[PDB]
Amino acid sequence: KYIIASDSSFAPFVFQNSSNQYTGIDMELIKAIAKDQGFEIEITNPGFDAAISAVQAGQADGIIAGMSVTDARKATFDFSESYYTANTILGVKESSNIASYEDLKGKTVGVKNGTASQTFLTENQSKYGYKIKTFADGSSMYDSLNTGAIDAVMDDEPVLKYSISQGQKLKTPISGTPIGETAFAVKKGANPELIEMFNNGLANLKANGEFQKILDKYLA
């Protein structure tokens, strides 16, 4: 009944499993909310930009896709309450001694170019006195962490936690720094009852523990 458009490859929020179904925090959450609130949904996964288009054109009713709440997006979208605070966070090998940013003095931290993690590291470099090694892709960065060529990485918390949940022997010794909020969206001025039900469904799932179980599956 309500058409919900999403991305196809944005783990842990939405991704294809081995059975070629789309799963992830977002997929489970919207389904649980629809069931809690008694509406029907059809989920499509045309990709993030295509999902944006479909909602703006009125061919989809809502979008959920690890979507960052920004003032720019508020010009054309109405957002739900945040269901996830996105952080940047430090990652190290299991074996690492590092337990504070102060411990990074003289050490070298890897980061992906063009990211919020890079902004944080660059802005705090004088404060803590680490070197930064910049990478074009995550694979190269984590390869470097593995060989000990860098001492730590800075990355998106849900990405790092998902990888750790999946068995990667990394750890996060320092609490993350908030970079934004994540929410469901409808076209500005459209489908207000869907936002109302999403927020009510979210509150219900938080209150009865079901929300935390979804998060824990992917991030713990």
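Numbering starts at 1 and runs along the sequence shown.
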Between 132 to 140 and 109 to 117, point out the one with the higher average CA B-factor as the PDB entry records it.
132 to 140
Mean temperature factor over C-alpha atoms, higher-scoring stretch between 40 to 48 and 53 to 61:
53 to 61
Could you look up the Cα B-factor of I3 in the entry and say which third of the chain it sits in: lowest, middle or highest?
middle
Chain-wide C-alpha B factor ranking for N124, given as lowest, middle or highest third:
middle
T177, C-alpha B-factor rank within chain (lowest, middle or highest third):
middle
Relative to the other modelled residues in the chain, which third contains the C-alpha temperature factor of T23: lowest, middle or highest?
lowest
Could you say whether, by C-alpha temperature factor, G66 belongs to the lowest, middle or highest third of its chain?
middle
